[PDB]
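What follows is a set of notes on a single structure, which appears directly below.
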Amino acid sequence: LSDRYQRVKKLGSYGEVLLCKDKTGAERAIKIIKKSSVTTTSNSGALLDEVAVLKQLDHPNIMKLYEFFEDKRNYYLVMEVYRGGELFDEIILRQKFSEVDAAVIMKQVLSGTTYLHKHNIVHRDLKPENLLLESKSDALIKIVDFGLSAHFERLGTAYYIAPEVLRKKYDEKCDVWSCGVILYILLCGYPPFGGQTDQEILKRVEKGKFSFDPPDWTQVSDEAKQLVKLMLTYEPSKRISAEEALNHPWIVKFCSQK
């Protein structure tokens with residue numbers, strides 16, 4: 001655990017993420033997951049089988065997984081380096097994003113999500129914290145923590161959860177909903193389903209009602225509102241896929257420079 005890698009700095013806080021050097025001399029981001037902090041939802045042979053698949057994943061908008069270690073105390077996930085923090089940080093800094101910058105981000109989020117769905121992987125926990133920036137530039141958005149929801153709350157996860165997950169009957173479409181909530185936040189600076197406590201947030205999510213209220217939504221393009229509506233459609237069967245969202249006029253418009 002401590003013999004193989006040398007800590008450079010802490011990156012984030014499932015558990016803690018550290019920037020480490022290989023004592024190869026490449027730099028890696030290592031997630032330390034404490035056994036006590038998580039409740040297991042699968043058997044011992046199911047996680048190792050998924051790891052074998054997660055190591056094979058190769059996409060510009062998906063965190064590469066190199067190694068998976070175990071001891072009596074922790075799970076160790078050795079990933080590629082990231083130096084630009086999380087999207088969550090940028091949301092605090094910028095408050096709201098321009099439609100061009102939001103589309104650039106969302107194209108990447110949807111590209112990665114589409115790729116994950118093509119291999120029967122649903123994230124279920126998509127949020128700005130799980131959307132990482134490669135560097136401090138141009139920098140690629142990379143999805144992290146995929147494939148973990150199938151094996152293992154006060155971190156504001158209620159905002160992004162699809163109503164079907166609450167009904168305990170979900171598929172890949174729950175990721176599109178989460179992506180819609182993220183997009184909504186990027187455009188105006190606040191969640192579509194808010195509240196002071198998790199309980200009143202989840203009730204608004206269950207109701208499914210949201211608004212494009214002034215003055216924050218007034219100048220937002222019509223195709224942006226159209227996409228948010230399609231991603232936040234209550235019926236998951238009627239909800240557009242990640243690929244459809246990626247191909248939507250709003251993405252196509254603002255990512256071809258309009």
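Convention: chains lettered A, B, ... in structure tokens order; per-chain residue numbering from 1; ligands numbered from 1 as shown.
Once residue 145 in chain A and its same-chain neighbours fewer than 3 positions away are set aside, residues 123, 125, 130 and 148 of chain A remain within 8 Å of it when counting only C-alpha atoms.
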Would you write out those residues with N, CA, C and O atoms, as a PDB file, in the first residue's frame?
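Generated output (out-v5.pdb):
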ATOM      1  N   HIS A 123     -23.893   4.661 -14.482  1.00  0.00           N
ATOM      2  CA  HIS A 123     -23.196   5.358 -13.408  1.00  0.00           C
ATOM      3  C   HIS A 123     -24.080   5.494 -12.168  1.00  0.00           C
ATOM      4  O   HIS A 123     -23.655   5.158 -11.062  1.00  0.00           O
ATOM      5  N   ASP A 125     -24.710   7.695 -10.191  1.00  0.00           N
ATOM      6  CA  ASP A 125     -24.284   8.742  -9.261  1.00  0.00           C
ATOM      7  C   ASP A 125     -23.602   9.914  -9.976  1.00  0.00           C
ATOM      8  O   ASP A 125     -22.667  10.522  -9.445  1.00  0.00           O
ATOM      9  N   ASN A 130     -18.136  14.138  -9.601  1.00  0.00           N
ATOM     10  CA  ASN A 130     -17.661  12.974 -10.353  1.00  0.00           C
ATOM     11  C   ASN A 130     -17.216  13.302 -11.778  1.00  0.00           C
ATOM     12  O   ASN A 130     -16.928  12.402 -12.570  1.00  0.00           O
ATOM     13  N   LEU A 148     -19.309   1.664  -9.679  1.00  0.00           N
ATOM     14  CA  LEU A 148     -19.225   1.530  -8.223  1.00  0.00           C
ATOM     15  C   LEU A 148     -20.597   1.435  -7.555  1.00  0.00           C
ATOM     16  O   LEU A 148     -20.735   0.809  -6.501  1.00  0.00           O
TER      17      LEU A 148
END
Please return as number ranges by chain: the residues of range 168-249 of chain A that backbone DSSP assigns to helix (DSSP H, G or I).
A: 173-188, 198-207, 222-231, 242-246, 249
With a distance cut-off of 7 Å and only C-alpha atoms, select the neighbouring residues of residue 172 in chain A, excluding the residue or stretch itself and same-chain residues fewer than 2 positions from it, and output the selection as a list in words.
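The neighbour list is residues 117, 122, 174 and 175 of chain A.
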Using only C-alpha atoms: which of A:181, A:252, A:93, A:48 has the shortest distance to residue 126 in chain A:
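When distances to residue 126 in chain A are compared using only C-alpha atoms, the smallest one comes from A:181.
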DSSP-assigned strand (DSSP E) among range 56-215 of chain A, expressed as a list in words:
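After running DSSP on the backbone, range 56-215 of chain A has strand (DSSP E) at residues 65, 66, 67, 68, 69, 70, 74, 75, 76, 77, 78, 79, 80, 131, 132, 133, 141, 142 and 143 of chain A.
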Taking 4 positions as the minimum chain separation for residues in the same chain, which residues sit within 10 Å of residue 31 in chain A when counting only C-alpha atoms? Answer as a VMD selection string.
chain A and resid 11 to 19 68 74 to 79 145
